[PDB]
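Next up: just one chain, as structure tokens, the form deposited in one PDB entry.
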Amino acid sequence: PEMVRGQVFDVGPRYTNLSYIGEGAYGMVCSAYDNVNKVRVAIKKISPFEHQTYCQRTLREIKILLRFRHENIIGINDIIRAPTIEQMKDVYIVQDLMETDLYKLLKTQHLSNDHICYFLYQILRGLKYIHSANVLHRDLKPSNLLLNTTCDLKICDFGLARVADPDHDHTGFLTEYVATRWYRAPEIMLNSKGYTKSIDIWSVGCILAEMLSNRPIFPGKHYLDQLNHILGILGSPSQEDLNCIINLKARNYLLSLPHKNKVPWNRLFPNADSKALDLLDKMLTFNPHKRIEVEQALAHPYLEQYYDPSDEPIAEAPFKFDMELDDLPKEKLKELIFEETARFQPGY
């Protein structure tokens, strides 16, 4: 079995000549030479089976990306794991190698307006497909936007994704994941349910702002600070918007705050295309019900050079989970993952 940094990375003989990329909670990433396709690929080793929520994330990502097929969404090429369920402790997910991501790129250079336009269009083109499937990504941010060397963009990281369901209350699944504070829509912070596709549009507005200035628009350090950063730019919510907050305690809190005037976008973004700012204004609307949705954002004047429904695929049908995964014990999730991954086995 191949080894890297003294860890088993058992992907041979198909995948060889390993190179360590990086490490996270419960998973290390290597690149590898694929001896069948004659190209280098990315492989993430995941070791989730002792944690219910990691099993949830792993199963959600596998199921979704196996069903989805779109130029602006990362695929799954292959999955390696042990031939018996008992011996399965790790799962290796093989994906197209991508040289960089938007977060790294923004650390590296200021973008031309033509590149900002193109990247925004690709984000929304991918999101159009996702939303056409009735799925919410829920974790859109620059590091989850992969890029190659020729500006082709693919959305990744579908571990937090859910079928849209405004009526169903929380389980703490999304909440216990907090590296995404800066891109979280206000209704997620203020209400426990009622979320729609508009949560993803908010995150895209945050990404657009970040491309304009090479810095996060709302970089709060904690919960209250995060809300203050938003309100310090959008201004105090209106009465109509206070009525989006079902949470009476949250609503009283917002009403207690000192008045803040809206900051004009062109003050904050003095070099931005004025059409880009008009779009940004509609994506970062406090009221999630009035917020622009994906097809309308694509149809906005800022994206007029690209908007092309004849070259924007959508999902054949809504995506569904057979059963809710959130209440299943980790052992049952392990069985489902074994089943989901069976079609990739040599002896299948």
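If you superpose the two forms and keep the largest set of C-alpha atoms that fall within 1.5 Å, you have the rigid core. Numbering starts at 1 and follows the sequence shown.
S.K.: Taking RMS over all structures and residues, which stretch has CA atoms farther from the shown form in 7 other deposited structures of this protein, 235-243 or 178-186, after a rigid core fit?
M.R.: It is 178-186 whose C-alphas lie farther from the shown form in 7 other deposited structures of this protein.
S.K.: Could you check whether 145-153 or 94-102 drifts more from the shown form in 7 other deposited structures of this protein, using RMS Cα distance once the core is superposed?
M.R.: Greater root mean square C-alpha distance in 7 other deposited structures of this protein: 145-153.
S.K.: According to the deposited model, is the average Cα temperature factor higher in 122-130 or in 251-259?
M.R.: Result: 251-259.
S.K.: Would 90-98 or 166-174 have the larger average of its C-alpha temperature factors, as given in the entry?
M.R.: Taking the mean B-factor of the alpha carbons in each, 166-174 is higher.
S.K.: Name the residue from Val204, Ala185, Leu242, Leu146 with the greatest C-alpha temperature factor listed in the entry.
M.R.: Answer, based on the entry's C-alpha B-factors: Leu242.
S.K.: Whose C-alpha has the highest temperature factor in the PDB entry: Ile79, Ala179, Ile199, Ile74?
M.R.: Of the candidates given, the C-alpha B-factor peaks at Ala179.
S.K.: Based on the entry's values, in what third of the chain does the Cα temperature factor of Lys320 lie: lowest, middle or highest?
M.R.: Highest third of the chain for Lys320's C-alpha B-factor.
S.K.: Per the entry's values, where does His222 land by CA temperature factor relative to the rest of its chain, in the lowest, middle or highest third?
M.R.: Highest third.
S.K.: Among the modelled residues of this chain, does the Cα B factor of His137 put it in the lowest, middle or highest third?
M.R.: Ranked within chain, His137 CA B lands in the lowest tercile.
S.K.: Could you look up the Cα B-factor of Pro301 in the entry and say which third of the chain it sits in: lowest, middle or highest?
M.R.: Its C-alpha B-factor belongs to the lowest third of this chain's values.
S.K.: Just say lowest, middle or highest third for the CA B-factor of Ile85 relative to the other modelled residues in its chain.
M.R.: Highest third - that is where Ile85 ends up once the chain's C-alpha B-factors are sorted.
The same protein has a further form, the form solved in complex with a small molecule, not shown here; the description that follows concerns it.
S.K.: Heavy atom within 4.5 Å of the small molecule in the entry with it bound: which of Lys282, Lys44, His300, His70?
M.R.: Checked against the cut-off, the match is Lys44.
S.K.: Exactly one residue in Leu190, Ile74, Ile217, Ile123 has a non-hydrogen atom within 4.5 Å of the small molecule in the entry with it bound; which is it?
M.R.: For this set of options, the contacting one is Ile74.
S.K.: Find out whether any non-hydrogen atom of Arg162 is located within 4.5 angstroms of the small molecule in the entry with it bound, and reply yes or no.
M.R.: Result no; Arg162 lies far from the small molecule in the entry with it bound.
S.K.: Spell out, yes or no, whether the shortest heavy atom distance between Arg138 and the small molecule in the entry with it bound is within 4.5 Å.
M.R.: Contact with the small molecule, no.
S.K.: Is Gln95 close to the small molecule in the entry with it bound, meaning a heavy atom pair under 4.5 Å apart or at it?
M.R.: Result yes; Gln95 sits at the interface with the small molecule in the entry with it bound.
S.K.: Considering only heavy atoms, tell me if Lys104 and the small molecule come within 4.5 Å of each other in the entry with it bound.
M.R.: Close contact exists here: in the entry with it bound, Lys104 approaches the small molecule to within 4.5 Å, heavy atoms only.
S.K.: At 4.5 Å between heavy atoms, only one of the stretches 95-103, 82-90, 256-264, 226-234 reaches the small molecule in the entry with it bound; which one is it?
M.R.: It is 95-103 that comes within 4.5 Å of the partner.
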